[PDB]
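**Student:** partial complex follows, first chain(s) only, in situ:
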Amino acid sequence: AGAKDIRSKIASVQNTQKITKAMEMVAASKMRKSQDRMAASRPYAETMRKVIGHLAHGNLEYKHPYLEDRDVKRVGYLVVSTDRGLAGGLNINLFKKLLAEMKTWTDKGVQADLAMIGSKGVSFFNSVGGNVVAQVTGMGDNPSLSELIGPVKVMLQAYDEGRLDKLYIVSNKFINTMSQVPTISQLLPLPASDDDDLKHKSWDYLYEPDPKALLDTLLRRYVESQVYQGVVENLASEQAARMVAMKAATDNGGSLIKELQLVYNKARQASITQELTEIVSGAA
Amino acid sequence: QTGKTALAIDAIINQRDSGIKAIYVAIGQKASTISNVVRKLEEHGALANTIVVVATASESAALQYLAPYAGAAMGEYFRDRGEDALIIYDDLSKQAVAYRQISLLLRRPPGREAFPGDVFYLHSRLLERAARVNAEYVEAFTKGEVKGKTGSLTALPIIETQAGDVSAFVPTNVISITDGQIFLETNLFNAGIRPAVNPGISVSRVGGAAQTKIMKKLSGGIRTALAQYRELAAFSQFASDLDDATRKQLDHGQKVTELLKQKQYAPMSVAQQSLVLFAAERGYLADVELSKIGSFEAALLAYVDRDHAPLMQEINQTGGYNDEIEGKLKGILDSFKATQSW
């Protein structure tokens, strides 16, 4: 009813466009805040990687399950995902890349299972029916490491006891503001390339109580730090993907309003033209 | 092409044994369509109960304009005797178009949308002839030949809207006059909801006083629940979490929507309708997967007709409802859903 409702419909789209125009700026600010948090986490992990390098590849060379090579009979992943919608295809892209590798090990007859961060991943993989052993959800902004100790400890327990022989983290990477990429990278066993030194392990550390407890706890903390950092970097990628999705929603809404207006002006003009034909015809 | 005529000729076909006489008035249709309709009424037992009044598209505008009034005069013969008649006026809007032709050719001043102003008086004097008369009026008309019987004429006019636009002059007049409307619409019909009855904008102004008590008891809950399901389904459409009242509502309403679909020329008796509605109101559908709901209904009608026909006779004859009726229907649903297969 162009005289009546097309008029309101335009108002509803105009209001919707004004809102999404604002959400693009919210997302672009949260992306900045997450980007600072992302950078702070890198120096703790990079320091800890230096310590395990010094003890692992030091002149006396130690042995540990999380560090040593093992052949594969079961493979494990843990996966990060959003608790909120919008953000384009970000989750689905990562999930289909995960299914591609999960199918690759399945073709090798290698059993797989998943640990899960975020309720989108919970829902998709229950819909697939892939084995999910652990879950955490509802972090929002400001996620905390304390939550994530749960998920890693049961994956750690699985890996050490043989139930798992490889473990990977599945997450998106914040290349920059404009581009983000879904990636999978290994946690257990420790994949990192060897390194070499003289001063380190020549001016060797006094150990307390002993160098074995300090290798065990240190590895436990390192892989924990690796998945905290992946969680933060995926969160930065969520805000970036939402910022872009709100740009499209704002331009799409602006494209619809103008087509609804050309349609309305036709109805506005036609009804004037009809009713004057009636008034003049009725003045017989 | 939404099933307007199909509904009205099925309402004729079903009167074949109800004792209600039928009239079908065809205004402005093509004559081979009236051949096809009569050929379907004769393929059932319905034509021997029915009068067919025709003014095809070739016939003069005076003949089309009068055709509804001629049909009503035939229905009034039964109404004034103490017998029931059902009259269908197919395309009252074609009667208005013929009346506009007559009025402009007579140079009467055109009013809105070029119809004459009296066009409301055309339809309203037609439709107020459909009435139930008290026994005293029958006795006076029959001069004491018939005593104690109340006669009735029931009218089912049909209007075509151009684009769902109810604001046109002829639709707004006829919507003002009648005791309710059934809206059939294209979006439901294309979705496969046939009959495509929109529960929200359709209403009966007589309501429950027209029903048998069993249908009255079961059906009152259905229509307003189903309307709110459509609001709920809109509000829900992107929300990931449903509270279980909402999640239950978002399922029950889909299963009721699926239950009300029905094939053409396949009318169901009161007991058959009541049994299937009882299965939905008392929750027995809830676990059955939705595409099976169609087969569930077919198997339930088949099961009950072989094994429990004395109750079907009881309900069809009485329309009654009691605790033993609720108990026997509960026992039938409990027994069917255990023993049989969809």
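**Tutor:** Nice, I can see it. Residues are numbered from 1 along each chain as shown, chains lettered A, B, ... in the order given.

**Student:** which bits of the stretch 1-150 of chain A sit near chain B?
**Tutor:** For the stretch 1-150 of chain A, the contact set with chain B under C-beta under 8 Å from any C-beta of the partner chain comprises A:1, A:85, A:119, A:123. Quick note: C-beta positions are derived from backbone N, CA and C, even for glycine.

**Student:** give me the buried subset of those residues.
**Tutor:** Among those, those classed as buried by 16 or more other C-beta atoms under 10 Å in any protein chain shown are residue A:119.

**Student:** give me the neighbour count for the residue nearest to residue A:141 when sequence neighbours are not counted.
**Tutor:** In this structure, residue A:141 finds its nearest non-sequential neighbour in residue A:30, 6.7 Å apart by C-beta to C-beta, 6 or more residues apart in numbering or on different chains. Using other C-beta atoms under 10 Å in any protein chain shown, the number of residues around residue A:30 comes to 18.

**Student:** confirm for me that residue A:30 is in contact with residue A:239.
**Tutor:** Yes. The pair residue A:30 / residue A:239 is scored as a contact, 4.5 Å apart, by C-beta atoms under 8 Å.

**Student:** and residue A:29, its phi and psi?
**Tutor:** Main-chain torsions, residue A:29, degrees, to the nearest 10: phi -80, psi -40.

**Student:** how near is it to residue A:253?
**Tutor:** With distances taken as C-beta to C-beta, to the nearest Å, residue A:29 is found 21 Å from residue A:253.

**Student:** of the two, who's got more company?
**Tutor:** Using other C-beta under 10 Å, the more surrounded residue of residue A:29 and residue A:253 is residue A:253, with 18 against 11.

**Student:** which SS class is that one?
**Tutor:** Following DSSP: H, G, I helix; E, B strand; the rest coil, residue A:253 is assigned to helix.

**Student:** and chain C, same structure:
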Amino acid sequence: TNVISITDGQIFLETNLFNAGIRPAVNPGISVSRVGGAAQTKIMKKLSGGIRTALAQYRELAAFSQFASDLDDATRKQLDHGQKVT
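**Tutor:** Okay, here's chain C dropped in alongside the others:
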């Protein structure tokens, strides 16, 4: 349309404002006086320019009021000012 063309200015009263509780219901930014500050006393002329610009800033920020928790404080101040003038 004729009277809009003839007159010197418009006070638009709106029902949404009247429902929401802005009972004088005057809608700024669509209401106008083509005479303006010539009509107005020196004190009112001096002070009223603040109101005019504050409500302009308020309208654009009102779209962010749903999620105004994560904003620049300058903006948070402006928003909490547009509301209190309103």
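
**Student:** chain C added, so what about the neighbour count of residue A:30 now?
**Tutor:** Using other C-beta under 10 Å, residue A:30 has 19 other residues around it.

**Student:** run through the residues that contact it.
**Tutor:** By C-beta atoms under 8 Å, 6 or more residues apart in numbering or on different chains, the contact set of residue A:30 is A:141, A:239, C:70.

**Student:** those in strands, which ones?
**Tutor:** Of the contacts of residue A:30, none are assigned to strands by DSSP state E.

**Student:** strands paired with the helix or strand hosting residue A:172, and their directions?
**Tutor:** Following DSSP states H and E, one finds residue A:172 within strand A:166-174. Note on strand A:166-174: by DSSP bridges, its sheet partners are strand A:74-80 (parallel), strand A:180-188 (antiparallel).

**Student:** deepest of those strands, which one?
**Tutor:** Sort those by mean neighbour count, taking mean count of other C-beta atoms under 10 Å in any protein chain shown, and strand A:74-80 sits at the top with a mean of 23.

**Student:** what's the first helix or strand after that strand?
**Tutor:** Going down the chain from strand A:74-80, the next helix or strand is helix A:90-107, by DSSP H and E.

**Student:** what residues of that next one count as buried?
**Tutor:** Across helix A:90-107, burial judged by 16+ other C-beta under 10 Å covers A:90, A:91, A:94, A:95, A:98, A:102, A:105.

**Student:** quick one: that helix to strand A:74-80, angle?
**Tutor:** Here the directions of helix A:90-107 and strand A:74-80 differ by 180 degrees (axes from the mean of the first three to the mean of the last three C-alpha atoms, to 10 degrees).

**Student:** can you name every helix or strand that helix A:90-107 contacts?
**Tutor:** Here helix A:90-107 touches strand A:74-80, strand A:111-117, helix A:119-128, strand A:166-174, strand A:180-188, helix A:213-282, going by 3 or more C-beta pairs under 8 Å, 6 or more residues apart in numbering or on different chains; DSSP states H and E.

**Student:** include this sequence as chain D:
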Amino acid sequence: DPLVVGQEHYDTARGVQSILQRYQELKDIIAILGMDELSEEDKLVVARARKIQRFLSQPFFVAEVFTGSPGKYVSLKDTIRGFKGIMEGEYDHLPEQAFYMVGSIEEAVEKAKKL
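**Tutor:** Next up, chain D placed on what we already have:
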């Protein structure tokens, strides 16, 4: 207006209008974006508005033939007290369907217990 109705009634009616007005704008966001995009205060208004919308319903004992249910009469005094109670917290915990065609607020709790 307060010079007839008194301020008690006037404040209650203007309150109900302001809430239903706000909710009509919020309802436009929800239908496309979903309800999670609201502030938790706008979510709360969407809740208490959607209740008030149902609490204004009332079955009439001239409509039992349509409804099948017993009609209700309310005093003005009881009407005011009920709307204040939805505008404040007292019934934040009842479902929406617990209001629909109820009668007094004092029996909306009972339909919630039945629901």
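
**Student:** mind redoing the neighbour count of residue A:30 now chain D's in there?
**Tutor:** As a measure of burial, residue A:30 has 19 neighbours, counting by other C-beta under 10 Å.

**Student:** by proximity to chain A, which residue of chain D wins?
**Tutor:** Closest residue of chain D to chain A, C-beta to the nearest C-beta: residue D:28 (5.4 Å).

**Student:** was I right to think that residue contacts residue A:14?
**Tutor:** No. Residue D:28 is beyond contact range of residue A:14, at 10.4 Å (criterion: C-beta under 8 Å).

**Student:** thinking again about what came up before, ok, residues contacting the strand holding residue A:172?
**Tutor:** A:35, A:38, A:72, A:75-80, A:90, A:94, A:97-98, A:155, A:159, A:180-189, A:226-227, A:230-231, A:233-234, A:236-237, A:240.

**Student:** CA-only coordinates of it in CSV, if you can.
**Tutor:** Below are the C-alpha coordinates for strand A:166-174, written out as CSV (Å, rounded to 0.1, in the frame of the first residue of the first chain):
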residue,chain,number,x,y,z
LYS,A,166,49.6,-35.4,17.8
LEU,A,167,47.8,-32.2,18.9
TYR,A,168,47.1,-29.1,16.8
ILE,A,169,45.5,-25.7,17.3
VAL,A,170,43.0,-24.6,14.7
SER,A,171,42.5,-20.8,14.5
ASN,A,172,42.4,-17.7,12.3
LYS,A,173,45.4,-15.4,12.1
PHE,A,174,45.2,-11.6,12.1
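
**Student:** contacts only, for the residue nearest to residue D:104 when sequence neighbours are not counted.
**Tutor:** Excluding its sequence neighbours, the residue lying closest to residue D:104 (C-beta to C-beta, 6+ apart) is residue D:78, at 5.5 Å. Counting by C-beta under 8 Å, 6+ apart, residue D:78 makes contact with D:104, D:105, D:106.

**Student:** what secondary structure does residue D:78 sit in?
**Tutor:** Residue D:78 ends up helix, using three-state DSSP.
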